[PDB]
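One structure below.
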């Protein structure tokens, strides 16, 4: 389970041997991964098609969380 931070085995930000971050980068790929770094929270990681609420970046997670109405 915890043995890979990037789903790309050709990404330089994550050691392919372990599949995790090789350098001191917080993340190799993700909506909140700016320059392999964790973007800030409250960041529109994604929009919402319809009329509810877009998606705010957590700031501590590489990917982005979702609302209880997006399915």
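Taking the criterion of being assigned to a loop (DSSP other than H, G, I, E, B) and without any contact (Cβ under 8 Å) to a residue 12 or more places away in the chain, the residues of segment 13-24 that qualify are 16, 17, 22, 24. Considering segment 56-71, and only residues there that are over 22 Å from residue 6 (Cα atoms) and in contact (Cβ under 8 Å) with a residue 12 or more places away in the chain, the residue that is surrounded by the fewest Cβ atoms within 10 Å (Cβ to Cβ) turns out to be 69. Can you name the residue in segment 1-21 that is surrounded by 14 or more Cβ atoms within 10 Å (Cβ to Cβ) and in contact with a strand residue (DSSP E or B) (Cβ under 9 Å, 6 or more places away or on another chain) and, of all such residues, is farthest from residue 63 (Cα to Cα)? Out of the qualifying residues, it is 15.
Within segment 35-55, the set of residues being surrounded by 11 or more Cβ atoms within 10 Å (Cβ to Cβ), out of contact with any strand residue (DSSP E or B) (no Cβ under 6 Å at 6 or more places or on another chain) and farther than 25 Å from residue 20 by Cα comprises 44, 48, 53.
The residue of segment 22-33 that is surrounded by the fewest Cβ atoms within 10 Å (Cβ to Cβ), among those that are on the phi < 0 side of the Ramachandran plot and within 13 Å of the chain's Cα centre (by Cα), is 29.
Every number here is computed from the coordinates shown, using simple stated rules; none is lab data. Ideal geometry is used to build each Cβ from the backbone, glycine not excepted, and the neighbour counts take in all protein chains shown.
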